[PDB]
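What follows is a single structure, written as structure tokens, with notes after it.
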Amino acid sequence: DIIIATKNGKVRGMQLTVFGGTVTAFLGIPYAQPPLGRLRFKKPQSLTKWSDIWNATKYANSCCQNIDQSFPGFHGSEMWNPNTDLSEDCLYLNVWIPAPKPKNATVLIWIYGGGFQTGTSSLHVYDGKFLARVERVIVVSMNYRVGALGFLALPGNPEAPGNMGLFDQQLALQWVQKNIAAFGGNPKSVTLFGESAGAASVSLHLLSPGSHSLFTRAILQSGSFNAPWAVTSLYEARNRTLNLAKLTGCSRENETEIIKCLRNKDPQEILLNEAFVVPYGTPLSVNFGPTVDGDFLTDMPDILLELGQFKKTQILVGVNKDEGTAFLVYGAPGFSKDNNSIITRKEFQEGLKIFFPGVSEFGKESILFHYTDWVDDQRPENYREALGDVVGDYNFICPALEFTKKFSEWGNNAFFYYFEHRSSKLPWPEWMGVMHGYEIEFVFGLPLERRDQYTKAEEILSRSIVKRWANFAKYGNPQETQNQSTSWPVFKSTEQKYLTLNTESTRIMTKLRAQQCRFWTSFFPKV
Ligand SMILES: *[C@@H]1O[C@H](CO[C@@H]2O[C@@H](C)[C@@H](O)[C@@H](O)[C@@H]2O)[C@@H](O[C@@H]2O[C@H](CO)[C@@H](O)[C@H](O)[C@H]2NC(C)=O)[C@H](O)[C@H]1NC(C)=O
Ligand SMILES: *[C@@H]1O[C@H](CO[C@@H]2O[C@@H](C)[C@@H](O)[C@@H](O)[C@@H]2O)[C@@H](O[C@@H]2O[C@H](CO)[C@@H](O)[C@H](O)[C@H]2NC(C)=O)[C@H](O)[C@H]1NC(C)=O
Ligand SMILES: *[C@@H]1O[C@H](CO[C@@H]2O[C@@H](C)[C@@H](O)[C@@H](O)[C@@H]2O)[C@@H](O[C@@H]2O[C@H](CO)[C@@H](O)[C@H](O)[C@H]2NC(C)=O)[C@H](O)[C@H]1NC(C)=O
Ligand SMILES: O=C(NC[C@H](O)CNCC1CCCCC1)C(c1ccccc1)c1ccccc1
Ligand SMILES: *[C@@H]1O[C@H](CO[C@@H]2O[C@@H](C)[C@@H](O)[C@@H](O)[C@@H]2O)[C@@H](O)[C@H](O)[C@H]1NC(C)=O
Ligand SMILES: *[C@@H]1O[C@H](CO)[C@@H](O)[C@H](O)[C@H]1NC(C)=O
Ligand SMILES: *[C@@H]1O[C@H](CO)[C@@H](O)[C@H](O)[C@H]1NC(C)=O
Ligand SMILES: [Cl-]
Ligand SMILES: [Cl-]
Ligand SMILES: [Cl-]
Ligand SMILES: [Cl-]
Ligand SMILES: [Cl-]
Ligand SMILES: [Cl-]
Ligand SMILES: [Cl-]
Ligand SMILES: [Cl-]
Ligand SMILES: [Cl-]
Ligand SMILES: [Cl-]
Ligand SMILES: [Cl-]
Ligand SMILES: [Cl-]
Ligand SMILES: [Cl-]
Ligand code: NA
Ligand code: NA
């Protein structure tokens, strides 16, 4: 029996057998008053002390969210849907500590993605027990509010100030500072890592002054705040808030009377209405996301990045080879996970209208012009691969690259990776390649489980990635120093070296997607 005295009370964990060893898991520790009733849409409130032994032996409720129902019964989509009950009462976190108890272990804090509308820390691919067992770090992950319940914005109004889900994250980082030493953890050695909207979240903690003292280093997988989907403007946010008010019958004149009316609405009413607050949205539609609230985020983050206004520390940043492919089968005409998705020039043009709905004809033409000059015009995959590249370069790869160049220009070490391995267990079709989100299982060491039917070469690749991530968190330097590994050079703004992650030869390359990213980063924002 394993009871720890946290600052708010005693929690009891459970014992886990992992690779002939043991991990102690604390699942579902609460870190805030449940944001219910009059607390819905507010910032999270501190938790009152309990005098019993809290039983932290099962994953807690997931936060209210809409489910991906586009492919019922398909593991490729459903692996991402919540695996606990949905509830507003969802502000809980998990802790995996090595056995026996460490003395001063580095802590890894995971922040999941999901487009800021979905996600949960209880997902199988976020199980931190392998990192605890293998690298003797402490893995922490938290649930945070998402969708309108987490990011509805009436800027300046504390009844719904925006960025509540980011403050949920922040309060959990504070829990680790106040409590993790009781678990064997070193609160002075905390590395945030996250993927997609989780990665964008991590980058925003690098800008928020309130999070500066709550972590040491940061890892950003397939995401950063300067990606076009990551920050809702004050314009759209209030137009989206106001729409939601109309759809729910809550249009009032006193701006607080609106919030009051959305608080007697059942969570389902709010959820089913989030889809329509945007007139013509995209598959990547972040209906309710981070805004410039003037509390968590003091200015527009592009300006903060550009003028060096962020925590000075090391970062590890990276992207996958085919970020853009997953989105094509959520709306692009002619695409389907159940065929090879050979699309015509006309279908490609229609696809740009889907992903760039309010962009001018000239802007859409300029995308076509940059991506439709190929070596071979007979190649029938040409338009199919071009549209995936368009979506991935615009939405993920070029913003991550630009974040890395700009962040490192202020003098910190940065490490950039290009993940190009397609999991042998990937349930999506082959033409979709190295998809968005399918490095995560390698980062968490799932292929280290010999029973799970990954190949040997994947166990090795995961084993090395896990080492490099752990060395990064522990030492600010993501090297594998023992097994004659390729040395990972720092990403400098001149040479822009990066490391490729794959099962064969890990190489050092320069200036990833240079041509494509000059278009997206220099020319396209003019249109
Ligand atoms: C746990 O270790 C810390 C030292 O942390 C080091 O620095 C961090 C930035 C991180 O990178 C870790 O890997 C390092 O191990 C100890 O902190 C010291 O505390 C004493 C007070 O007793 C203080 O005088 C020292 O200045 C601190 N050292 C540093 C480097 O800041 C802490 O005591 C250790 N905890 C336990 C329980 O042993
Ligand atoms: C700001 O919001 C308006 C209002 O959104 C419309 O009504 C909501 C209830 C929701 O159902 C949305 O999908 C609706 O679009 C939007 O502009 C509207 O555009 C549509 C047609 O595209 C049409 O209803 C009206 O022309 C507009 N509604 C008005 C004027 O009330 C759009 O999101 C934003 N419009 C502007 C001008 O900023
Ligand atoms: C690939 O499939 C898409 C999607 O069509 C559906 O899925 C298929 C697997 C099959 O079950 C079809 O019967 C389904 O309709 C095809 O796109 C459709 O194309 C037809 C005619 O070209 C058109 O009428 C539909 O509107 C299209 N639907 C969508 C969602 O785009 C596409 O033609 C298939 N491509 C190849 C190369 O086989
Ligand atoms: O992740 C989103 N929404 C939550 C959805 O319940 C689940 N996602 C679909 C999965 C399919 C394969 C890998 C990716 C996840 C959304 C998004 C928006 C902005 C940035 C990143 C992601 C999105 C993702 C894929 C396709 C369409 C939309
Ligand atoms: C919390 O859970 C306890 C679980 O029962 C046993 O507790 C320890 C001693 C281990 O042996 C464990 O494996 C067992 O399952 C309950 O005894 C206790 O009443 C519970 N308390 C609350 C408040 O739910
Ligand atoms: C809106 O209602 C709140 C609560 O009663 C009140 O404090 C505020 O002054 C009202 N605003 C206006 C403009 O009347
Ligand atoms: C290095 O190789 C040895 C070979 O036995 C293996 O046990 C070990 O896990 C490897 N280490 C890393 C970090 O890959
Ligand atoms: Cl719960
Ligand atoms: Cl519910
Ligand atoms: Cl599961
Ligand atoms: Cl899986
Ligand atoms: Cl490539
Ligand atoms: Cl052509
Ligand atoms: Cl061009
Ligand atoms: Cl998988
Ligand atoms: Cl093919
Ligand atoms: Cl070299
Ligand atoms: Cl390239
Ligand atoms: Cl250059
Ligand atoms: Cl150009
Ligand atoms: Na390339
Ligand atoms: Na141009």
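Because the Cβ atoms are built from the backbone with ideal geometry, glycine has one as well, and the counts that use them run over all protein chains shown. Read the figures in this text as sums done on the coordinates, not as results from a lab.
Between a first residue in the stretch 294-312 that is β-branched (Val, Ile, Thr) and a second residue that is surrounded by 13 or more Cβ atoms within 10 Å (Cβ to Cβ) and assigned to a loop (DSSP other than H, G, I, E, B), which pairs have beta carbons less than 9 Å apart while being 6 or more apart in sequence or on different chains?
Pairs that qualify, where the first residue is β-branched (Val, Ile, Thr) and the partner is surrounded by 13 or more Cβ atoms within 10 Å (Cβ to Cβ) and assigned to a loop (DSSP other than H, G, I, E, B), are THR298/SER208; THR298/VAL292; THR298/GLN309; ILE303/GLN309.
If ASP52 satisfies all but one of (1) surrounded by fewer than 21 Cβ atoms within 10 Å (Cβ to Cβ); (2) within 16 Å of ligand 10 (Cβ to nearest atom); (3) not hydrophobic (A, V, I, L, M, F, W, C), what's the number of the condition it fails?
Every condition holds for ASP52 apart from (2).
Which one of these does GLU430 not meet: (1) over 16 Å from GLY76 (Cα atoms); (2) surrounded by fewer than 17 Cβ atoms within 10 Å (Cβ to Cβ)?
Going through the list (1) over 16 Å from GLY76 (Cα atoms); (2) surrounded by fewer than 17 Cβ atoms within 10 Å (Cβ to Cβ), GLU430 breaks only (1).
Answer yes if at least one residue in the stretch 326-333 is within 16 Å of ligand 12 (Cβ to nearest atom) and crowded, with 19+ Cβ neighbours inside 10 Å, and no otherwise.
no
Specify the residue that is farthest from ligand 22 (Cβ to nearest atom); the eligible residues are those in the stretch 225-238 that are more than 14 Å from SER285 (Cβ to Cβ) and in a helix (DSSP H, G or I).
Among those that are more than 14 Å from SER285 (Cβ to Cβ) and in a helix (DSSP H, G or I), it is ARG238.
Within the set of pairs 6+ apart or on separate chains, which have a first residue in the stretch 448-467 that is touching a residue at least 12 places away in the same chain (Cβ under 8 Å) and surrounded by 17 or more Cβ atoms within 10 Å (Cβ to Cβ), a second that is part of a loop (DSSP other than H, G, I, E, B) and of a type outside the set (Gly, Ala, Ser), and C-beta atoms under 7 Å apart?
So the pair list comes out as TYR454/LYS425; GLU458/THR503; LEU461/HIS421; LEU461/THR503; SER464/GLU480; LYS467/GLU480.
When you check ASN179 against the structure, is it over 17 Å from the mean Cα position of the chain (by Cα) and either within 16 Å of ligand 4 (Cβ to nearest atom) or not in a helix (DSSP H, G or I) (or both), yes or no?
no
Does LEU271 meet the test of being in a helix (DSSP H, G or I) and surrounded by 16 or more Cβ atoms within 10 Å (Cβ to Cβ)?
yes
Sort out which residues of the stretch 82-129 are β-branched (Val, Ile, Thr) and farther than 14 Å from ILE180 by Cβ, and write them in order of number.
Taking the stretch 82-129 first, the residues β-branched (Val, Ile, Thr) are 84, 95, 97, 106-107, 109, 111, 118, 120, 125.
Once the filter is applied, which keeps residues that are β-branched (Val, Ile, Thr) and farther than 14 Å from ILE180 by Cβ, the stretch 82-129 yields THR84, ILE111, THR118, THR120, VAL125.
When you scan the stretch 1-91 for strands (runs of 3 or more DSSP E) that lie fully inside it, which ones turn up with 3 or more residues that are touching a residue at least 24 places away in the same chain (Cβ under 8 Å) and more than 21 Å from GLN174 (Cβ to Cβ)?
Numbers: elements: 3-6, 9-12, 14-18, 21-30, 53-55.
The qualifying strands (runs of 3 or more DSSP E) are 14-18, 21-30.
Tell me, which residue of the stretch 80-103 that is in contact with a helix residue (DSSP H, G or I) (Cβ under 7 Å, 6 or more places away or on another chain) and not charged (D, E, K, R) is farthest from ligand 11 (Cβ to nearest atom)? Walk me through how you get there before you give the answer.
Going through the stretch 80-103, the residues in contact with a helix residue (DSSP H, G or I) (Cβ under 7 Å, 6 or more places away or on another chain) turn out to be 88, 91, 93, 95-98.
Now narrow it down to the ones that are not charged (D, E, K, R): 91, 93, 95-98.
Working: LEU91: 26, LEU93: 23, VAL95: 23, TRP96: 18, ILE97: 24, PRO98: 24 Å.
Once the filter is applied, the top-ranked residue is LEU91.
Collect the residues in the stretch 92-133 that are of a type in the set (A, V, I, L, M) and outside any loop (DSSP other than H, G, I, E, B), keeping them in residue-number order.
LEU93, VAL95, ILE97, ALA105, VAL107, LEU108, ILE109, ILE111, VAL125, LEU131, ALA132
Taking the stretch 171-207 only, how many residues are of a type in the set (S, T, N, Q) and buried (at least 24 other Cβ atoms within 10 Å of the Cβ)? It would help to see each step written out before you state the result.
Of the stretch 171-207, the ones of a type in the set (S, T, N, Q) are 174, 177, 179, 186, 189, 191, 196, 201, 203.
When the remaining residues are screened for being buried (at least 24 other Cβ atoms within 10 Å of the Cβ), the result is 191, 196, 201, 203.
So the count comes out to 4.
Might you let me know whether the stretch 80-90 holds any residue that is within 28 Å of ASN471 (Cβ to Cβ), more than 16 Å from ligand 22 (Cβ to nearest atom) and within 22 Å of the chain's Cα centre (by Cα)?
Initially, the stretch 80-90 is screened for residues within 28 Å of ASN471 (Cβ to Cβ), giving none.
No, the stretch 80-90 contains no residue that is within 28 Å of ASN471 (Cβ to Cβ), more than 16 Å from ligand 22 (Cβ to nearest atom) and within 22 Å of the chain's Cα centre (by Cα).
Of all residues in the stretch 131-170, count the ones that are away from ligand 8 (no atom under 16 Å from the Cβ), surrounded by 23 or more Cβ atoms within 10 Å (Cβ to Cβ) and either on the phi > 0 side of the Ramachandran plot or aromatic (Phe, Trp, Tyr) (or both).
Total meeting the criteria: 5.
Can you work out which of the residues in the stretch 500-518 that are within 16 Å of ligand 20 (Cβ to nearest atom) and either more than 26 Å from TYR438 (Cβ to Cβ) or under 25 Å from the mean Cα position of the chain (by Cα) (or both) is surrounded by the fewest Cβ atoms within 10 Å (Cβ to Cβ)?
Going through the qualifying residues, I end up with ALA514.
Restricted to the stretch 268-306, and to residues that are in contact with a strand residue (DSSP E or B) (Cβ under 8 Å, 6 or more places away or on another chain) and more than 15 Å from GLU159 (Cα to Cα), which residue is farthest from ligand 14 (Cβ to nearest atom)?
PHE288
One residue is enough: does the stretch 480-499 have a residue meeting the conditions within 16 Å of ligand 11 (Cβ to nearest atom), surrounded by 20 or more Cβ atoms within 10 Å (Cβ to Cβ), not charged (D, E, K, R) and not in a strand (DSSP E or B)?
Scanning the stretch 480-499 turns up no residue that is within 16 Å of ligand 11 (Cβ to nearest atom), surrounded by 20 or more Cβ atoms within 10 Å (Cβ to Cβ), not charged (D, E, K, R) and not in a strand (DSSP E or B).
Name the residues in the stretch 104-149 that are farther than 23 Å from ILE465 by Cβ and in contact with a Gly (Cβ under 6 Å, 6 or more places away or on another chain), would you?
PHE116, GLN117, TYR144, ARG145, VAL146
Please determine, by comparing only the residues of the stretch 210-259 that are of a type in the set (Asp, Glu) and free of Cβ contacts under 8 Å to residues at least 60 places away in the same chain, which one is farthest from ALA414 (Cα to Cα).
Looking at the filtered set, the residue picked out is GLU253.
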